[PDB]
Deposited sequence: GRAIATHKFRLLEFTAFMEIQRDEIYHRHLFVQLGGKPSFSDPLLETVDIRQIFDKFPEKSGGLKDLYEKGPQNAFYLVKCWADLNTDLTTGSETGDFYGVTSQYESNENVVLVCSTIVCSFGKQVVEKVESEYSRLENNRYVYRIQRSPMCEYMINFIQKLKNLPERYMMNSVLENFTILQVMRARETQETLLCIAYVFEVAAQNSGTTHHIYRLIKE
C-alpha cells in the first residue's frame, strides 16, 4: 500500500488547472496535482476512518458507505488537498485524468461535486483504452471544468481571509468512482477534501487509505 491503486487498476494522473494568456504568453496554474509514478521512493499510506467523512459525501443507496461496504475496500482512498489558489483570476479551467488497467475494460469514470454532502453535478465519462507500451491507458485530457467549479474558485478568491476560504472548502468535496462497464465493479474510488495552500506555496496533498475499523 503506497499509491492510489489496486493490484489491477491505478491512477496515473489527476491535474486540476487553469490556463492564462496575458501579453500573448500562455501559462498553466496548477490548483491540484496527483501523479501516479510507481517506485520504492513512495512512503507507506496512512489510514483514515471513513465513518468521519460520511456526512461530507452522498449517503443512502449508492452513497459512500454503500459503495465502501460493497467493496473491494482496498479500492477506497481519501485525498486531503491544499488547493493552490495563488493566481490572478479568457481563462480556461480544465482537468486532466489518466489511468492504467490490467484488463481491457470500458472505464466508467464518475465525478460528483458535493456541497454539504449533496451532489450538485455529476460528470460521467465512459472511456476506451489505448495500448501505450503494452498497457491499457485511459486519458481524459484537458476536459473543461463545469461552470459551477469556475464560479466556486472565482468566489473563493473574493474572500478577504484564508479562514473564510477554509470554512467554505470544509463542505466542498469531490467523489470519484471508477467502474468497469461490463461487471459494474468498483475499480477505484477517491474522496477529496480541501484546504487552501499558503500564499508562498504551491499545491500539496496527502493520500490516506479509507478503513472502517
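**OP:** Map the modelled residues onto the deposited sequence and report the uncovered stretches in sequence order.
**Re:** One region goes unmodelled: 90-95.
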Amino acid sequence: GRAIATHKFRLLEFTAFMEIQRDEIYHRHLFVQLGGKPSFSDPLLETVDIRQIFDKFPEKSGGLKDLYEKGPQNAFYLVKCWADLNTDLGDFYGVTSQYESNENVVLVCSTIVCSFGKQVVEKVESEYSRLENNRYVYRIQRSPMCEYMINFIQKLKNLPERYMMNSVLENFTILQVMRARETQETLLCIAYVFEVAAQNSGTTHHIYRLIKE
From here on, numbers count along this sequence of modelled residues.
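Original post:
Given the B-factors recorded for C-alpha atoms, which segment has the greater mean, 183-191 or 152-160?
Top reply: Per the PDB entry, the higher value belongs to 152-160.
**OP:** Going by the average Cα B-factor in the PDB entry, point out whether 74-82 or 119-127 comes out higher.
**Re:** The stretch with the larger average C-alpha B-factor is 119-127.
Original post:
Of 87, 98, 111, 102, which one's C-alpha B factor is largest in the deposited record?
Top reply: Across 87, 98, 111, 102, the entry lists the biggest C-alpha B-factor for 87.
**OP:** Select one of 65, 37, 29, 56: the residue whose C-alpha shows the highest B-factor in the crystal structure entry.
**Re:** Out of 65, 37, 29, 56, the record gives the largest C-alpha B-factor to 37.
Original post:
Among the modelled residues of its chain, does the C-alpha B-factor of residue 173 lie in the lowest, middle or highest third?
Top reply: According to the entry, residue 173 has a C-alpha B-factor in the chain's lowest third.
Original post:
Of the three thirds of its chain by CA temperature factor, lowest, middle or highest, which one includes residue 5?
Top reply: Answer is middle: the recorded C-alpha B-factor places it there.
Original post:
Going by the entry, which third of its chain does the Cα temperature factor of residue 211 land in?
Top reply: For residue 211, the deposited C-alpha B-factor lands in the highest third.
**OP:** Pull the Cα B-factor of residue 12 out of the PDB entry and bin it into the chain's lowest, middle or highest third.
**Re:** It belongs to the lowest third of the chain when residues are ordered by C-alpha B-factor.
**OP:** Sorting the chain's modelled residues by C-alpha B-factor, tell me whether residue 41 ends up in the lowest, middle or highest third.
**Re:** Its C-alpha B-factor, which the entry lists for residue 41, ranks in the highest third among residues of this chain.
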